[PDB]
């Protein structure tokens, strides 16, 4: 089974920066896009940054201009640079991967904690 391994979380002062990292442990060739999701206490799960292997990126309204998402093909890895962090960004960041043809997105990570 293919699992999404996450790393790069932690604690940081307001205005600081973090770099989340996510990759596929197994060998899969049908992933065409990956992204990051988060969920604040008392709130729903929301998308913050999604990038396809084609290059097209998609950011959330609140996040745009501060976070930068990048990826690496062949390794199925996605990195998220989080500059100028705000206390409202405090949530559990989940990693997600989408698959071609079957069009499934049930690939999730364990979730890393980010406290600002």
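Residue numbers count along the first chain shown, from 1.
Per the PDB record, of the two stretches 90-98 and 14-22, 14-22 carries the greater mean B-factor over its C-alpha atoms. The deposited model assigns a higher average Cα B-factor to 34-42 than to the other stretch when 34-42 and 48-56 are compared. Ranked against the other modelled residues of its chain, the C-alpha B-factor of residue 4 as given in the entry falls in the lowest third.
In the PDB entry, a CA B factor belonging to the lowest third of its chain's modelled residues is recorded for residue 76. Looking at the C-alpha B-factors along this chain, the one for residue 85 belongs to the highest third. Looking at the C-alpha B-factors along this chain, the one for residue 28 belongs to the lowest third.
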